[PDB]
Each structure stands twice: as structure tokens, then as C-alpha cells.
Amino acid sequence: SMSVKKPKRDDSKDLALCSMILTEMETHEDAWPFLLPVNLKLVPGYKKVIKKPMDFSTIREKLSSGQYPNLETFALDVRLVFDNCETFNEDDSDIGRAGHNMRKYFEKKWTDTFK
């Protein structure tokens, strides 16, 4: 509350460390469904169904231009990519399995870097 604060956690490296995680997600062999925005002209149903499209290149641009206020808003966009994927793709598909794999990969790096 006013003039009463928990000890200051050092967040000075968070930007660099989120960048590193994102590089590791970008270079994963199962990243291909997520590297670029889904083409809303060429994929019937995507525009109407997926209210907030997100992809790795959009996260990279946001990160590089100071549009994440803190490390949690970064994680929310990464998770959005996988939530969207699960919304639109059957589990038993190459893309469906890719999303599950990448979400696991992300959540481990997140825990090991920050928790």
C-alpha cells in the first residue's frame, strides 16, 4: 500500500531474457505454423473465429519496440499463440501437435528462467 512495498525484484534483465526465449521458440523445428501471421484472406473462418490473432513475428516486433510493459504481458501473447492454435486445429493434426509441443517447450523455459 502507500509507502509499504515488498522488496524490489530485479527486472533489468527481463527484456534480454524474453528475447532469448523467443529466439529459442523461433528456431524450434515445430515453430513453422507460428512464425508469421495466419493469412486472413486465404484461410476461411480464421478472421471471424480468432478474435485476437498472434504469431512469433508479431511478438518479436512488439518486444523490440517496447510494447510489452512487463514479462507477464509477454507470456500472455506467447500463450495466446497456442490457445488460438488449439481453437482452430484438431489435436490429431500436424499443426495441433506442433502447438502442444511448443507450449510445453515454452512453459519449461519460462519456469527455468524466471521461477
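Looking at the method and resolution fields of the entry, one finds X-ray crystallography and 1.7000 Å.

If you look the protein chain up in the PDB entry, it shows as Bromodomain adjacent to zinc finger domain protein 2B from Homo sapiens. In the PDB, the entry goes by the title "PanDDA analysis group deposition -- Crystal Structure of BAZ2B after initial refinement with no ligand modelled (structure 74)".

### Digging into the overall build of the protein chain
Within the protein chain one finds 5 helices and 0 strands. Listed N to C, the secondary structure of the protein chain is α-α-α-α-α in terms of helices and strands. Long-range pairs, those at least 24 residues apart, make up 67% of the contacts in the protein chain between residues at least 6 apart in sequence.

### Considerations on the packing of aromatic side chains
Tallying each qualifying case throughout the model produces 8 aromatic pairs. Measuring from ring centre to ring centre gives 6.2 Å for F56 and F82, while their planes differ by 80°; the resulting arrangement is edge-to-face. You can see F56 sitting in helix α3 (residues 56-64) and its partner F82 sitting in helix α4 (residues 71-88), a full 26 residues away along the chain. Per residue, the accessibility class of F56 equals that of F82, and both read buried.

### What to know about the pattern of salt bridges
Taken as a whole and judged by the stated rule, the model has 9 salt bridges. Among the ionic pairs, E107 bridges to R79, the shortest N-O distance being 2.8 Å. Residue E107 is found in helix α5 (residues 94-114), and its partner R79 is found in helix α4; the two are separated by 28 residues along the sequence. Through salt bridges that share partners, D83, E86 and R103 make up one connected network.

### Examining the side chain of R60
In this structure, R60 sits in helix α3. Only 2.8 Å separates the side chain of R60 from the side chain of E26, close enough to count as a polar contact. Setting aside chain neighbours within four positions, we find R60 in contact with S19, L22, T23 and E26.

### Details of the environment of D10
You can see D10 is positioned in the segment before α1 (14-27). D10 gets classed as exposed once you look at its relative accessible area, which sits at 52%.

### Here we look at the nonpolar core
Among the nonpolar cores identified, the biggest contains 23 residues, and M25, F56, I59, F74, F82 and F106 are the most heavily contacted of them. Here the element with the most residues in this core is α4; it accounts for 8 residues. Beyond its immediate stretch of four places on either side in the chain, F82 contacts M25, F34, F56, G99, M102, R103 and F106.

Conventions adopted
- Residues numbered from 1 in each chain as written, not as in the entry; some residues may be left out.
- Heavy atoms only, no water.
- Residues with missing side-chain atoms left out of burial classes, pairs and counts.
- Helix = DSSP H or I, 4+ residues; strand = E, 2+ residues; numbered from the N terminus.
- Contact = heavy atoms within 4.5 Å.
- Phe/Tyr/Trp six-rings, centres within 6.5 Å; stacked < 30°, edge-to-face > 60°.
- Buried < 20%, exposed > 50% of the residue type's maximum accessible area, 1.4 Å probe, protein only.
- Salt bridge = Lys/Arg side-chain N within 4 Å of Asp/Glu carboxyl O.
- Polar contact = N/O pair within 3.5 Å; in protein donor to acceptor, adjacent residues only side chain to side chain.
- Core = buried A, V, L, I, M, F, W, Y, C linked by side-chain atoms within 4.5 Å.

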